[PDB]
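For neighbour counting, all protein chains shown are included, and Cβ atoms are generated from backbone atoms with ideal geometry for every residue, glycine included. Values quoted throughout were computed directly from the atomic coordinates according to the rules given, and no laboratory measurement underlies them.
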Amino acid sequence: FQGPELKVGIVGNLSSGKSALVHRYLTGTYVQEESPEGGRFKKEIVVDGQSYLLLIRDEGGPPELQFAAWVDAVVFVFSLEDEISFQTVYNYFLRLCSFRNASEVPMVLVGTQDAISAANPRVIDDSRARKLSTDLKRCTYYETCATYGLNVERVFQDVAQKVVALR
């Protein structure tokens, strides 16, 4: 008996860091190897003194009909060191909007720090990340770093809370 199901989709390209993000969230460990096929998971959570079963779906490509209809909320992911992943979030958001009313779907935007290094620095300015957030129906933006857990738990709690509020 784990509580009501909440449906959370994870959307972004293969350079985004989304497999690592979900894996840190579920296990507390950093595994870098990303999953081309994505992955479906579940995790018990507490939001406002009540238990919920969070259903996580990383579908592994652009949103399609079935995914777009299933989500309660979407976590969009790009890498702070990859322009293509950044542009892909916007495209993938537009494809969601083909199937769903965005105003009915809480969203969070995540810029991952994971792959940044001295020789491979950040490419995406915070101002541009924020402008992208306002295109995504003014959703909340977080930087994360799954190497050590920075904002990982905060991101999923945030979207869990947004979903129960709307119920």
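Would segment 28-38 turn up any residue that is outside any loop (DSSP other than H, G, I, E, B) and in contact with a strand residue (DSSP E or B) (Cβ under 6 Å, 6 or more places away or on another chain)?
Pass one, segment 28-38, residues outside any loop (DSSP other than H, G, I, E, B): none.
Looking through segment 28-38, none of the residues is outside any loop (DSSP other than H, G, I, E, B) and in contact with a strand residue (DSSP E or B) (Cβ under 6 Å, 6 or more places away or on another chain).
Of note, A129 does not satisfy the criterion of being assigned to a loop (DSSP other than H, G, I, E, B) and aliphatic (A, V, I, L, M).
Hey, does segment 81-93 have a residue that's closer than 20 Å to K7 by Cα and hydrophobic (A, V, I, L, M, F, W, C)? The answer is yes; a qualifying residue exists.
Confirm whether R57 is without any contact (Cβ under 8 Å) to a residue 60 or more places away in the chain, in contact with a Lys or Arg (Cβ under 9 Å, 6 or more places away or on another chain) and among the basic types (K, R).
Details: without any contact (Cβ under 8 Å) to a residue 60 or more places away in the chain: yes; in contact with a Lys or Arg (Cβ under 9 Å, 6 or more places away or on another chain): yes; among the basic types (K, R): yes.
For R57, the condition - without any contact (Cβ under 8 Å) to a residue 60 or more places away in the chain, in contact with a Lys or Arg (Cβ under 9 Å, 6 or more places away or on another chain) and among the basic types (K, R) - is met.
Of the candidates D135, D126, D114, the single residue that is free of Cβ contacts under 8 Å to residues at least 24 places away in the same chain and surrounded by 12 or more Cβ atoms within 10 Å (Cβ to Cβ) is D126. Counting just the residues of segment 1-58 that are out of contact with any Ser or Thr (no Cβ under 7 Å at 6 or more places or on another chain) and acidic (D, E), which one comes out surrounded by the most Cβ atoms within 10 Å (Cβ to Cβ)? Here the answer is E5.
A single entry from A119, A115 fulfils the requirement of being more than 16 Å from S15 (Cβ to Cβ), outside any helix (DSSP H, G or I) and not polar (S, T, N, Q): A119.
When segment 3-26 is filtered for residues that are in a loop (DSSP other than H, G, I, E, B) and of a type in the set (S, T, Y), the ones remaining, listed by number, are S15, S16. Looking at segment 140-155, is at least one residue touching a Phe, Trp or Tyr at 6+ places or on another chain (Cβ under 7 Å), polar (S, T, N, Q), at positive phi and surrounded by 15 or more Cβ atoms within 10 Å (Cβ to Cβ)? Yes: one or more hits.
Could you check, for segment 72-80, whether at least one of its residues is part of a loop (DSSP other than H, G, I, E, B), crowded, with 23+ Cβ neighbours inside 10 Å and in contact with a strand residue (DSSP E or B) (Cβ under 8 Å, 6 or more places away or on another chain)? Yes, there is a match, as at least one residue in segment 72-80 is part of a loop (DSSP other than H, G, I, E, B), crowded, with 23+ Cβ neighbours inside 10 Å and in contact with a strand residue (DSSP E or B) (Cβ under 8 Å, 6 or more places away or on another chain).
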